[PDB]
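Student: My structure is below; once you've seen it, I'll send some questions.
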Amino acid sequence: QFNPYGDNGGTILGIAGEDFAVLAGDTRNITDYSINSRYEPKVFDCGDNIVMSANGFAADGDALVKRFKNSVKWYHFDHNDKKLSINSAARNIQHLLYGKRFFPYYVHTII
Amino acid sequence: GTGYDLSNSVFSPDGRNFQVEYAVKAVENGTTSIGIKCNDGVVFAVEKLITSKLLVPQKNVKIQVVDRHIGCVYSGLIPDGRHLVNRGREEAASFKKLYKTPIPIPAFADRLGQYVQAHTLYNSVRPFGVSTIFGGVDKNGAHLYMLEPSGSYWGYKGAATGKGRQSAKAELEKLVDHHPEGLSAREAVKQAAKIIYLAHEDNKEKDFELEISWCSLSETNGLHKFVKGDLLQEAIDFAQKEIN
Amino acid sequence: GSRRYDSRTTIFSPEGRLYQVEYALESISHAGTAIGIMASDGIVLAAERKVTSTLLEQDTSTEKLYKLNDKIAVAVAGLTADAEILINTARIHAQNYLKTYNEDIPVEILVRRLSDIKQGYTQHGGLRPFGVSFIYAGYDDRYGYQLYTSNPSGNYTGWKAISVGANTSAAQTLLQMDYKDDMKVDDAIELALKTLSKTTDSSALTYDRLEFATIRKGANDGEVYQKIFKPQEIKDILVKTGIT
Amino acid sequence: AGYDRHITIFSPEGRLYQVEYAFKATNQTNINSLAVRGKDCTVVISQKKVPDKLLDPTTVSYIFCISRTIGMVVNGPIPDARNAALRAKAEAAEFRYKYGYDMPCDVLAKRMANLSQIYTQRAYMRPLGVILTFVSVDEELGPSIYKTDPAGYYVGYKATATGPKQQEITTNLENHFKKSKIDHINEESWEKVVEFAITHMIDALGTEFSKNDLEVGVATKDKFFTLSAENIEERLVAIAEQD
Amino acid sequence: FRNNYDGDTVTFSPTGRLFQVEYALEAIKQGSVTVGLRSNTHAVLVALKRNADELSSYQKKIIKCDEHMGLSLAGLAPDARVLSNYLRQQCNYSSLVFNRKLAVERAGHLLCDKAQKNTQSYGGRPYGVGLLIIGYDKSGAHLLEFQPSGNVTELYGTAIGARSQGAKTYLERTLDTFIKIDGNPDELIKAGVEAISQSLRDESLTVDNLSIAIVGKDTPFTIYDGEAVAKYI
Amino acid sequence: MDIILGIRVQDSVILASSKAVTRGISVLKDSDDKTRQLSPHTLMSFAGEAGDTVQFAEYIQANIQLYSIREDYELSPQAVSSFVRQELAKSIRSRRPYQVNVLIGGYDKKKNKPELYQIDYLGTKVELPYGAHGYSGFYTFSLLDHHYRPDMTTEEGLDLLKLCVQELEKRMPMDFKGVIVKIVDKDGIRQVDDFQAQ
Amino acid sequence: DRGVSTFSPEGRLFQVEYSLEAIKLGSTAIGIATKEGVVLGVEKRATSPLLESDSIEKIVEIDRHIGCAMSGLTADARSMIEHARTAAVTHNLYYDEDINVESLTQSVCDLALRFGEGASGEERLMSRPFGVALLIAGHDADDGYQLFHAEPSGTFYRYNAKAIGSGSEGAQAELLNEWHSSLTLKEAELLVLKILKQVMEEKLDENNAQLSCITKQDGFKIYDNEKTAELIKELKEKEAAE
Amino acid sequence: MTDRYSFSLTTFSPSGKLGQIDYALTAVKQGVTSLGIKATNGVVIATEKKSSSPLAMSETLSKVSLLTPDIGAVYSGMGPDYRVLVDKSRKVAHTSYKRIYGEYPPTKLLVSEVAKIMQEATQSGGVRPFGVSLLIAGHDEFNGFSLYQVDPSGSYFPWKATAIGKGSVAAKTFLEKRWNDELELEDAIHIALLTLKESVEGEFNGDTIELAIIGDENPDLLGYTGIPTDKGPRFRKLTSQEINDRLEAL
Amino acid sequence: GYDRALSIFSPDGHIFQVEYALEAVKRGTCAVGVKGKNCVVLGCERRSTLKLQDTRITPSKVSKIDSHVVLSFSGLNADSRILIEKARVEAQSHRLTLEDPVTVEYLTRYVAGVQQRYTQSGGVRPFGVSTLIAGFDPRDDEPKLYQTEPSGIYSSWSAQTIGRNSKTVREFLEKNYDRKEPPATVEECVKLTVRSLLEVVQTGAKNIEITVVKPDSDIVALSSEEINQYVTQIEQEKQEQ
């Protein structure tokens, strides 16, 4: 039977400094015991000084990032180019995620 | 009484549908365009009036392609012309999806015909303000067509419509009479450039830009392509030379 | 568009009246008159068949009095066809009530529902109202014998005696003159016949031009009975009351 | 007050002007057609007039093949004529699919007539300015001619004619049957029936025909087909050697 | 005449005109002037913002559709919002599904087709706004003129609005000049600000009254208001 | 399950209903009133699936109160029980059925007689002298079959209930935290605040 | 008749135009914006002395940082307010912040042209335009104190001061002369109270008029009668001082 | 597109008249005459087959139609409207009755359904009333033989005998002089042929006249045998010949 | 599918169908309401164009939306039913979700909204009805009286009237109702209400129904006598002068 999920592995780490913050993640992407790519970026710059990573099932991680980036884009269009504070981006991502409460994005996301 | 000309699907006492007749008036008011069926393809040409110097030359293309083998040109309300092509494109996609083979020109013709005719059945829509000359090459030959706002259409040896439709038709008839065996793809292209120049007299106030396209089994492999560069300039001269 | 032909059946007049309802009432006022007289031990329904012929079959007939429930019946004034549409939905409402509560539908609830349906055609939908006025005669264990009336407007009211259709102004006056609270069914059966007999637009008031019904509680039982008089029964009672 | 002439609703006289006017539209093409029944075939004839020298004479037709067995000729504007032909073809296809046999000529006629009746009653649909003559060699009724109009009316015919000069063709044909005393053309070959059609067509219209002034359709057991300019020319010659 | 055929967009006049569309075109000319012009590296939009009282703001007339596309309006503001917003999606769609920036010429075809639909069906109404689209794509700099009639035309320059005829003549005269103002943004804008002022009459373009947008080779579509336009006045 | 008892005496209907509300390992409440008043002379007790229980009860209550206002009259207990059954019988074949069992006790002011209706979640209705839902009936029906008489007073009825409740408290696995008793008669619905030791 | 969303030969929308005529008949409402907050005032205008004046709600709160006043067919404002409040609350739920006064206004204005018997563009189901105008006044971190005029046309302007209603052209004239970029909240209150008094038929008092403001500190508040009564008295005195 | 005619086309006039119903009745008046007579053991319905061209074949056009094996119909007015009414009528007989009770509906009931169809065409949006008046004759076990008339308004009444169309008034009179409650079926067939003669101007024979009856069961017309309770249809159309034979004794 | 815009703006800024709806109210029977210090009373005149009715069953002019709130009206009767039903349903729904019966302001605001909705929705005409809604908020003893009209506008009144001759009876009330001192008695409050209806009912003991609503769902309708008694005492106050 078709299983809509998979696990591409990888790992991501985030630490916040007093006037800075870091978000890292290995670049290895896999499937079972094989390696799909030794270099497949997993942490992104989404604008407004926000970095984001949705690790777990790559296809889901990609869709989420993509959607959030598009979120920022329309935030500007609809609110006079206002900058999306990080706490606002967080609440927005919650709705993006909960929106699929019954068919979850199989990812642990960090920003 | 009267008022028969105020609603679209209404029959007048003489069995006419005035609103469709009024759409024609909008077509006769537009630029002139033509189609010349040749021995193994068809050629399309149109007059593109240059409103001013500010128009970017060669940038406001009017001739349209349907699928990969059909060409469409039209006179009248341009937006309506597009709407009709958009539909033509879907109609073609649908036919190819189910039957595999690309849509035969005759078949494509009727698809447009029924859609246009449909817009003369209800008073909640307006008839199309365009006449359309289209055609291409298929399983068996080349086909040229012209579709009126009434939804009426027929196959033609040559066809024209627009402001200078009569000048054009005069020229076309001569061609038919003076070339009984058939015209060639190469020939029809030039000839077309000439008819356009001649028919431009009925609008000789504004300067114009020429546009040709063709579909020939031997010359374009049965695919619709626009005439550009050398072949285009060659036809421009052939005309500019015969207009004097 | 179509807006051109929309009569706008549900709009107000500068005076605040509903055109169609008013005109529908005007229509009713030409239909065979129908009387409703409520006694202490029963109810009477009398109606005059508008237009008749020797060949008109009166035995297999029913154009004014209809049985809704086992305890409710109505007298119709207006478009018979419209009436049936309403009657049928009223017969359904009665059963849904019974299936839901295992009790017969109280007279007013059935009347209000039907009136609400009429009211609807008065405020939305752009359809013409029903050219019908009803006299409801029924019984329930809360108010006993009841008599109601409903017209095209969707408005309804209760009465001791009432009439709908033609000559109601004359009819209401006569009833209001000889009616008395203590009356007995048979007294009403005569008041009903006398009144029609004086307002009829016909020569004589023969049996073949009438429909009669009573809702009595035949003492020798303890339940309620609906009697729809047969031609012969009307001919008799028409002679007893001294109208021969 | 004055709109009872724009939509299909009754006029005080109890008439439907839009339906009458739609009838007017059927003569707009100034063409005449006629159908007759052979012993075991049906032949239709229809004037062909190609005024413009720029037209492709081969695409100018008012005769249609609805099914392997039914043919239909139309009297009215080509756009409505094609709308009707398409719907008829579809109706015929579907009928075969659902009931397991070819839709009979008369049944397709009734169906189309019913569809037309609806444009007569529903306000948003306009009648089609056309008259449809259906022909075939039905497997149960034999040679058949059924015609429907914008009123939603239809009936079978021993023979018929439609167009501006429809009346002369009809009385001509009537007179010929008053003579022969049979309701058809006593001939075994369709070629002769086709000739009778062209002949009596000429006599009534008082006009001679060249191979491109006509359009012929023939229906035979299990097949309906149209003739070519050449098949017609061959027919035209045969008649020439009798007069 | 006209009176009987201007009841709605679905009606053709005896001469073949669509009056409702013609009336919409009129709301455009009654609108404030805006200008468009492009070189081979940049495309510029200049617009005159109109205000109500001296207590009211100056209603914007420039909208960004994507990082490489935008437009100026003349006519009903709401209609420009609806149209620009539709254009914003089309652009966004092209990005997400094909990871491709939308061709300016195509944005035009899209607009034209959207407009046309409101001129053939009952109940609708033509859009009552004119638009000037500029952008830089895989084929260079671009300028488009959009008319509610559904007509979209690619030009080197042009203007719409009241007295727009002035600027339009100036540009038709200055053509050979500005079309070669490549690699020099500041100049193309000045050429536009001189074309615009060729339609002034009432007042003179002030700081909170002028509006300018630009896009090109290495310039993302950006708008300038207030003090930012001061150096061009 | 919970305890839902109902006994119809000479001039009234008495309803006894457990006060415990247990979720898993804990008794979240020991003073729950598993009853709703549908009208001044009609009371309904209920037991079953967690959410469905109160939701359905309150839903029925709303409808009968709406009927009362619209008609300025009170439906007979019989009419009410028929409406309640019809609702359950609809739910039984729906996407997500209400899993609720109810007892409708009311005093018909028209016939001046108390009435008790038992309806399970399937829409199975039946009128009885006494009834119960769930495992309750298994211990109580034999006691009532024995000590019940049609002329009993409200007082005898309460003793008979007490008898049932004690039996339930001796043989049943669950500690249902006692009951809440209510009486429906010609004078409406009243609660016996003292049954914790009556 | 003729389409409800039809163009006049001058290029205007008939229904929207007539819509405005209805607003001209409405009770006056004025708004003044200062760097200390925005003030909104309205003419109650009871149609009979038996009508309890404080049941007249022409000044309403959208959110804690946004309030607004209406003029014209007030009943048509109810759903616009509802839409506005929802937009505000909703925006906060999605972004954990306050909706910008301009954004809130734009959203309300979007409802404006959603009318017609079937305009091909979406699903604008509403038989006619709104017959009321709104003065939306609030504060946000990006653009501070703001006053907006939202019309049934669908467009909105930002005003330093603005009046709508029967005495609008009159009061607007006054506001043109009284307003300056440095008015204090106290000045603005009086200034609104003063210009209202001029255009009202009735002798303005704390019963046929109502005040309110929005300040970054305490948000939007509606001045109760006692507070307004004094501001009215304080005004009568400064005028009697020259 | 889409039928934007969701409103009524038949409405009340200040006087109280419903214009379109009136006009539809006017259409019926112009229609060819048709009649129906009820005897003690059957009913007869008849009309004139007005051929619209000698080339047309009048058999291919029936004005007398079978609705159920014991019910037939005839009309006056607009033929096409009748045709579609007949299809709908035959169908509603099944869907609203046979498919539920396993037996054909009694005459009054099917009439009621037909009348409903027509009533709706009087009030629904975007339509005109039917331009016909019908005469339905049938028989059922508990009601016996019956005759009904349905008007464009959707109203219907039971008759002993009546006529509709052109010379309805003249024929309704003639029928009143020749009708009595003892007529045998053959008698009514006679009275019918006579009443119809006054309405027909030209050829009056079995090919210009269409006539059918509701009488005894026709086991020979059933098509099969083996079910005792299935005895055949009571509706029978007289043949061109059967008519001429009776025309001689006219 | 019928969505014709029936309520639209005319050149002068009026919506004629709403205005004509108001004319329907002017034609309705008169209705008045006056709030005392501990009660509210609603009076309604009864037509006489036709008399011979059955008052037991004929729908009365005052209706209970809930046990603590009542509503009276002037205009088309059929229309008022549709509004009463919606109001009643909303009453129960509010109790079910808020677990508290509706306040009078709330119920009024709901009824008004429905009325307003019908003034700008395609395919429908406005309600030819104007209403008076009165009662007492839950657990509150301050009387409430409100009025709604076809347009959807609503507000509270110390006393108010609608219907035919409301113009006259309002005059009476304006110069007979002292806000300073409201009818501090159920009795004198009913008196004031009958007094005002007499200015227009022209001798009608059986043409004047009255309902009295006191705090905590205490509503009751007076009988002819009890009313006729007030009629008697009032006609004396006149002759005794």
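Chain labels A, B, ... are given in the sequence in which chains occur in the structure tokens; within each chain residues are numbered consecutively from 1, and ligands are likewise numbered from 1 in the order shown.
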Provide as a list in words the residues of chain D at most 7 Å from chain H, counting only C-alpha atoms.
Tutor: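 Written out as asked, the residues are residues 9, 10, 11, 12, 13, 14, 15, 114, 117, 121, 122, 123, 124, 152, 153, 155, 156, 157, 158, 159, 160 and 174 of chain D.
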Student: Write a file of the selected residues as a PDB file, in the first residue's frame, keeping N, CA and C atoms.
Tutor:
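Final output, saved to again.pdb:
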```
ATOM      1  N   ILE D   9     -43.541  33.670 -25.312  1.00  0.00           N
ATOM      2  CA  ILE D   9     -44.711  33.671 -24.430  1.00  0.00           C
ATOM      3  C   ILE D   9     -45.879  34.053 -25.330  1.00  0.00           C
ATOM      4  N   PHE D  10     -47.079  33.644 -24.951  1.00  0.00           N
ATOM      5  CA  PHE D  10     -48.253  33.933 -25.748  1.00  0.00           C
ATOM      6  C   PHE D  10     -48.546  35.411 -25.970  1.00  0.00           C
ATOM      7  N   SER D  11     -49.153  35.695 -27.115  1.00  0.00           N
ATOM      8  CA  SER D  11     -49.571  37.046 -27.470  1.00  0.00           C
ATOM      9  C   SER D  11     -51.070  36.961 -27.191  1.00  0.00           C
ATOM     10  N   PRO D  12     -51.759  38.111 -27.087  1.00  0.00           N
ATOM     11  CA  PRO D  12     -53.200  38.042 -26.821  1.00  0.00           C
ATOM     12  C   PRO D  12     -53.947  37.104 -27.776  1.00  0.00           C
ATOM     13  N   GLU D  13     -53.501  37.032 -29.028  1.00  0.00           N
ATOM     14  CA  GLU D  13     -54.134  36.161 -30.019  1.00  0.00           C
ATOM     15  C   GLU D  13     -53.796  34.693 -29.775  1.00  0.00           C
ATOM     16  N   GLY D  14     -52.902  34.441 -28.819  1.00  0.00           N
ATOM     17  CA  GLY D  14     -52.503  33.078 -28.496  1.00  0.00           C
ATOM     18  C   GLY D  14     -51.382  32.575 -29.391  1.00  0.00           C
ATOM     19  N   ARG D  15     -50.617  33.504 -29.946  1.00  0.00           N
ATOM     20  CA  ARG D  15     -49.532  33.137 -30.834  1.00  0.00           C
ATOM     21  C   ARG D  15     -48.165  33.359 -30.223  1.00  0.00           C
ATOM     22  N   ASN D 114     -38.872  17.480 -30.184  1.00  0.00           N
ATOM     23  CA  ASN D 114     -39.134  17.715 -28.769  1.00  0.00           C
ATOM     24  C   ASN D 114     -38.173  18.744 -28.235  1.00  0.00           C
ATOM     25  N   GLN D 117     -39.439  21.934 -29.313  1.00  0.00           N
ATOM     26  CA  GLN D 117     -40.625  22.344 -28.586  1.00  0.00           C
ATOM     27  C   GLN D 117     -40.219  23.084 -27.320  1.00  0.00           C
ATOM     28  N   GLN D 121     -41.142  26.909 -25.311  1.00  0.00           N
ATOM     29  CA  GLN D 121     -41.714  27.121 -23.978  1.00  0.00           C
ATOM     30  C   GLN D 121     -40.792  27.789 -22.954  1.00  0.00           C
ATOM     31  N   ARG D 122     -39.510  27.420 -22.951  1.00  0.00           N
ATOM     32  CA  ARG D 122     -38.550  28.027 -22.030  1.00  0.00           C
ATOM     33  C   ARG D 122     -38.080  29.323 -22.672  1.00  0.00           C
ATOM     34  N   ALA D 123     -38.110  30.401 -21.899  1.00  0.00           N
ATOM     35  CA  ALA D 123     -37.742  31.720 -22.393  1.00  0.00           C
ATOM     36  C   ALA D 123     -36.290  31.967 -22.762  1.00  0.00           C
ATOM     37  N   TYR D 124     -35.345  31.349 -22.066  1.00  0.00           N
ATOM     38  CA  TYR D 124     -33.960  31.639 -22.396  1.00  0.00           C
ATOM     39  C   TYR D 124     -33.421  31.003 -23.678  1.00  0.00           C
ATOM     40  N   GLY D 152     -41.682  22.760 -33.305  1.00  0.00           N
ATOM     41  CA  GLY D 152     -41.570  21.519 -32.571  1.00  0.00           C
ATOM     42  C   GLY D 152     -42.483  20.496 -33.208  1.00  0.00           C
ATOM     43  N   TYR D 153     -42.947  20.816 -34.408  1.00  0.00           N
ATOM     44  CA  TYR D 153     -43.836  19.934 -35.151  1.00  0.00           C
ATOM     45  C   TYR D 153     -43.059  18.990 -36.079  1.00  0.00           C
ATOM     46  N   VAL D 155     -43.695  15.270 -38.866  1.00  0.00           N
ATOM     47  CA  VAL D 155     -44.574  14.282 -39.468  1.00  0.00           C
ATOM     48  C   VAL D 155     -43.844  13.545 -40.586  1.00  0.00           C
ATOM     49  N   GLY D 156     -44.359  12.374 -40.949  1.00  0.00           N
ATOM     50  CA  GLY D 156     -43.758  11.587 -42.010  1.00  0.00           C
ATOM     51  C   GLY D 156     -44.337  12.031 -43.334  1.00  0.00           C
ATOM     52  N   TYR D 157     -43.581  11.847 -44.413  1.00  0.00           N
ATOM     53  CA  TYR D 157     -44.031  12.255 -45.743  1.00  0.00           C
ATOM     54  C   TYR D 157     -43.826  11.200 -46.822  1.00  0.00           C
ATOM     55  N   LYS D 158     -44.704  11.213 -47.824  1.00  0.00           N
ATOM     56  CA  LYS D 158     -44.600  10.302 -48.969  1.00  0.00           C
ATOM     57  C   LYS D 158     -43.467  10.899 -49.796  1.00  0.00           C
ATOM     58  N   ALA D 159     -43.366  12.224 -49.685  1.00  0.00           N
ATOM     59  CA  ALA D 159     -42.365  13.058 -50.348  1.00  0.00           C
ATOM     60  C   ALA D 159     -42.570  14.463 -49.778  1.00  0.00           C
ATOM     61  N   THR D 160     -41.594  15.347 -49.939  1.00  0.00           N
ATOM     62  CA  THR D 160     -41.763  16.697 -49.418  1.00  0.00           C
ATOM     63  C   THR D 160     -40.801  17.681 -50.081  1.00  0.00           C
ATOM     64  N   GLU D 174     -47.366  16.532 -55.853  1.00  0.00           N
ATOM     65  CA  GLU D 174     -48.722  16.090 -55.541  1.00  0.00           C
ATOM     66  C   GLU D 174     -49.375  15.558 -56.811  1.00  0.00           C
TER      67      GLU D 174
END
```
Student: I need the residues in region 203-239 of chain B that are helix (DSSP H, G or I) according to DSSP; give them as a VMD selection string.
Tutor: chain B and resid 203 229 to 239
Student: Could you write out that same residue set with C-alpha atoms as a CSV table (one decimal), in the first residue's frame?
Tutor:
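See again.csv below for the written result:
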```
chain,number,residue,atom,x,y,z
B,203,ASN,CA,-6.7,53.3,-44.5
B,229,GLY,CA,13.9,38.3,-41.5
B,230,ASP,CA,14.9,37.7,-45.1
B,231,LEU,CA,11.8,36.0,-46.4
B,232,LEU,CA,9.8,38.7,-44.8
B,233,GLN,CA,11.8,41.6,-46.3
B,234,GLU,CA,11.8,39.8,-49.6
B,235,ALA,CA,8.0,39.9,-49.6
B,236,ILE,CA,7.9,43.5,-48.3
B,237,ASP,CA,10.0,44.5,-51.4
B,238,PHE,CA,7.9,42.4,-53.8
B,239,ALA,CA,4.9,44.5,-52.6
```
Student: Give me the residues within 10 Å of residue 147 (chain F) as a PyMOL selection string, counting only C-alpha atoms and dropping any in the same chain fewer than 3 places off.
Tutor: chain F and resi 142-144+152+156-157+160+163
Student: Go ahead and dump the residues you just picked, N, CA and C atoms, as a PDB file, in the first residue's frame.
Tutor:
```pdb
ATOM      1  N   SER F 142     -35.435  -7.369  39.107  1.00  0.00           N
ATOM      2  CA  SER F 142     -35.998  -8.449  39.910  1.00  0.00           C
ATOM      3  C   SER F 142     -36.600  -7.884  41.193  1.00  0.00           C
ATOM      4  N   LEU F 143     -35.968  -6.854  41.752  1.00  0.00           N
ATOM      5  CA  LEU F 143     -36.475  -6.220  42.973  1.00  0.00           C
ATOM      6  C   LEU F 143     -37.799  -5.512  42.715  1.00  0.00           C
ATOM      7  N   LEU F 144     -37.881  -4.838  41.575  1.00  0.00           N
ATOM      8  CA  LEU F 144     -39.078  -4.111  41.204  1.00  0.00           C
ATOM      9  C   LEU F 144     -40.177  -5.079  40.772  1.00  0.00           C
ATOM     10  N   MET F 152     -48.765   2.453  44.521  1.00  0.00           N
ATOM     11  CA  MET F 152     -47.764   2.961  45.449  1.00  0.00           C
ATOM     12  C   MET F 152     -47.780   4.474  45.527  1.00  0.00           C
ATOM     13  N   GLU F 156     -43.740   5.419  49.077  1.00  0.00           N
ATOM     14  CA  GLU F 156     -43.401   4.008  48.927  1.00  0.00           C
ATOM     15  C   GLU F 156     -42.403   3.862  47.776  1.00  0.00           C
ATOM     16  N   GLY F 157     -42.617   4.648  46.721  1.00  0.00           N
ATOM     17  CA  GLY F 157     -41.738   4.620  45.569  1.00  0.00           C
ATOM     18  C   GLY F 157     -40.314   4.945  45.967  1.00  0.00           C
ATOM     19  N   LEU F 160     -38.769   1.967  47.774  1.00  0.00           N
ATOM     20  CA  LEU F 160     -38.501   0.947  46.776  1.00  0.00           C
ATOM     21  C   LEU F 160     -37.225   1.295  46.008  1.00  0.00           C
ATOM     22  N   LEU F 163     -34.241   0.705  48.100  1.00  0.00           N
ATOM     23  CA  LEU F 163     -33.955  -0.721  48.118  1.00  0.00           C
ATOM     24  C   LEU F 163     -33.056  -1.075  46.933  1.00  0.00           C
TER      25      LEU F 163
END
```
Student: Do a neighbour search on region 37-52 of chain A at 9 Å with only C-alpha atoms, toss out local chain neighbours closer than 4 positions, and write the hits as a list in words.
Tutor: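 Once the nearby chain positions are removed, what remains is residues 10, 12, 22, 23, 24, 25, 26, 27, 28, 29, 30, 58, 61, 62, 65, 68, 69, 70, 72, 73, 83, 84, 85, 86, 89, 109, 110 and 111 of chain A.
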Student: Tell me as a list in words which residues belonging to chain I come within 8 Å of chain G, counting only C-alpha atoms.
Tutor: residues 3, 4, 5, 6, 7, 8, 9, 10, 11, 12, 13, 14, 113, 116, 120, 121, 122, 151, 152, 153, 155, 156, 157, 158, 159, 160 and 174 of chain I
